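Protein chains in written order, with the entry's author numbering: chain A, 1 to 296; chain B, 175 to 432; chain E, 1 to 4. Note that CB positions come from ideal geometry on N, CA and C, so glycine has one too. One structure below.
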């Protein structure tokens, strides 16, 4: 810790604060997550407990690398490889012109790949959103921020008081399902895909019920034909207004046929029919894939 | 039928060799013994019942204790503190809301200060190098349970119970991998409730034949049988409750049939 | 409870 030299703050983790720092001996530039230990209060927080334990196992090109952990009695430091910004910031800095279609396709592909390595190592991210996705000037993108990720060697139960985002939440979670599934990361990534392509949030709702209805009004009200189980689900209601499926052509204008197809399989109401990160990579959408760099 | 069940199962299988505690570590602890261990674990069973923690939490807690005692010498005075620390860690990692450090101190009848407890949390995280995502017998049983026909609530509840029995005595169980004990437990319970046996899907999925499961079935059958005798009885009072169908009451078979 |  005396080897690192702090350069400037660059944001704040669900828990702790992130600096850009530099190794004064190797010259490497790093992101330093600095976490205050209330040694009297509650100990090492559980967001850190999880992010460290799972990131230490997940070594892969599209997952942010945890380089070193530094433990002193007062402070706990998490040293990450440095990445130049988040997709959210790139998106706001990039509306009115738009992220090039084939930058989008390389990003989704790159994310579905780490997502796939995550899922094959029994790890659910559980909080995918553009703010948690990091990109560098060479056009890599990587899944960052794992404070809510959980190991699913055993199923993972839902916070009946959710503490876990709105705009990118799955209908099955919004309707009060007892467990999470890998299916929930796929939903979010489909939403980020739609968001990258249309420059705005696919389902930007204001309350749990508003959200359900924003999903329903674009994709249609689910029914047992489409999603066997829905009617008997703990928060489902016969009083639900009953809309019809809109035209994915009219949800995602600038998208070719191949794209609307993948988008629509990432956005299935049924967790069991929804595409896997593994399958999605096989989708034809991904043939002409390259590796553009962004204009940062 | 995920795209992953198999890679995960394989991975978990790989992972468990990494996370294995030293087999003969209690014989080099100069001040504690398997029986003190048995006392410690039976306590955690209850502490789990009282705060209504999940059963995975308990498997995580015992794995940590075993890895920690596997390379640190601990006096019989400080062992409970190590157990509390480990139940705290496992809590934070597996539970949606853990009990607060305060409650963890309370359940030791204010015997350590909450600063001692917090500082042992830290010492455990160091010794295990933040490696808390260990596979467990409960993890492998859940996987194995996907390959049953028809699903039986009663085999499940009983299989879990037997797996928890193995948590208590470090001899002989530290010799076997969790994947193997889940094996034994799955078959023993399945046998016990139905007379059926370790299926072939599992044999082909796991590569364990009923044969290779044998030596561990011997021990789990012996525990099952001496079950009401045992100096410790929290796992039996636990699984008497009917959230579990009262399986602990059902009658062990006197003979395995191999 | 306290405990060995």
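| field | residue 258 of chain B at chain E interface by Cβ criterion, 8 Å | value | no
| task | Report the rounded CA-to-CA distance for residue 183 of chain A versus residue 267 of chain A, giving the unit in angstroms. | result | 10 Å
| said: Quick check: residue 301 of chain B and residue 258 of chain B, are their CB atoms within less than 8 Å of each other? | reply: no
| residue 305 of chain B by DSSP, collapsed to three states: which one? | coil
| Proximity below 8 Å, CB of residue 104 of chain A to CB of residue 197 of chain A | yes
| message | Helix, strand or coil for residue 73 of chain A? Go by DSSP, reduced to three states. | response | coil
| query | Using the rule of at least 16 other Cβ atoms within 10 Å of the residue's Cβ for burial, across every protein chain shown, is residue 2 of chain E buried or exposed? | reply | exposed
| Given a threshold of 16 other Cβ atoms within 10 Å of its Cβ, counted over all protein chains shown, does residue 323 of chain B qualify as buried or as exposed? | exposed
| query | Name the chain E residues whose beta carbon is nearer than 7 Å to that of residue 210 of chain B? | reply | 4
| field | Residues of the region 316 to 349 of chain B whose Cβ lies closer than 7 Å to any Cβ of chain A, in chain order | value | 316
| field | C-beta neighbour in chain B for residue 77 of chain A, strict 8 Å | value | no
| message | Quick check: is the beta carbon of residue 313 of chain B nearer than 8 Å to any beta carbon in chain A? | response | yes
| request: Would you mind reading off the limits of the beta strand (DSSP E) that contains residue 36 of chain A? | output: 29 to 36
| query | Checking contacts by CB at 8 Å: is residue 296 of chain B closer than that to chain F? | reply | In the structure shown, chain F cannot be found, because the protein chains are A, B and E.
| If you check the beta carbons only, do residue 356 of chain B and residue 394 of chain B fall under 8 Å apart? | no
| field | Ranges of the alpha helix (DSSP H) found wholly within the region 200 to 241 of chain A, counting only runs of at least 4 | value | 208 to 219
| task | Please confirm if residue 240 of chain B has its CB atom under 8 Å from at least one CB of chain A. | result | no
| request: Only counting runs of 4 or more residues, tell me where the alpha helix (DSSP H) segments fall wholly within the region 339 to 381 of chain B, in order along the chain. | output: 344 to 347, 352 to 368, 374 to 380
| message | Under 8 Å, Cβ to Cβ, is there at least one residue of chain A near residue 194 of chain B? | response | no
| task | Grab me the residues of residue 168 of chain A's own chain with a C-beta within less than 6 Å of its C-beta, minus the 5 sequence neighbours each way, in chain order. | result | 129, 188, 191
| said: Any beta carbon from chain E within less than 8 Å of residue 396 of chain B's own beta carbon? | reply: no
| query | Taking the runs of the alpha helix (DSSP H) that are 4 residues or longer, which of them lie wholly in the region 273 to 332 of chain B? | reply | 275 to 280, 288 to 301, 311 to 319
| query | residue 68 of chain A by DSSP, collapsed to three states: which one? | reply | strand
| request: Give, in chain order, every residue of the region 150 to 165 of chain A whose Cβ lies closer than 7 Å to some Cβ of chain B. | output: 151, 153, 154, 157, 159
| request: Would you check if the distance between the CB atom of residue 166 of chain A and the CB atom of residue 83 of chain A is smaller than 8 Å? | output: no
| request: Taking C-beta pairs closer than 7 Å, name the residues in chain E that residue 283 of chain B reaches, listed in chain order. | output: 1, 2
| query | How big is the Cα-Cα spacing for residue 49 of chain A and residue 275 of chain A? | reply | 30 Å
| query | In chain E, which residues lie with their C-beta within 9 Å of the C-beta of residue 409 of chain B? | reply | Simply none; closest approach about 17 Å.
| Can you name the residues of chain A whose CB is closer than 7 Å to the CB of residue 230 of chain B? | 154
| field | Same chain only: Cβ atoms within 6 Å of residue 283 of chain A, ignoring 5 sequence neighbours per side | value | 262
| task | Measure the Cβ-Cβ separation of residue 81 of chain A and residue 65 of chain A and say whether it is below 8 Å. | result | yes
| query | If we count the other Cβ atoms within 10 Å of its Cβ and call it buried at 16 or more, is residue 91 of chain A buried or exposed? | reply | buried
| Based on the DSSP output, what are the partners of residue 23 of chain A in its beta bridges? | A/4
| said: Going by DSSP, what residue range makes up the beta strand (DSSP E) through residue 142 of chain A? | reply: 141 to 143
| Would the beta-carbon of residue 153 of chain A fall within 8 Å of that of residue 51 of chain A? | no
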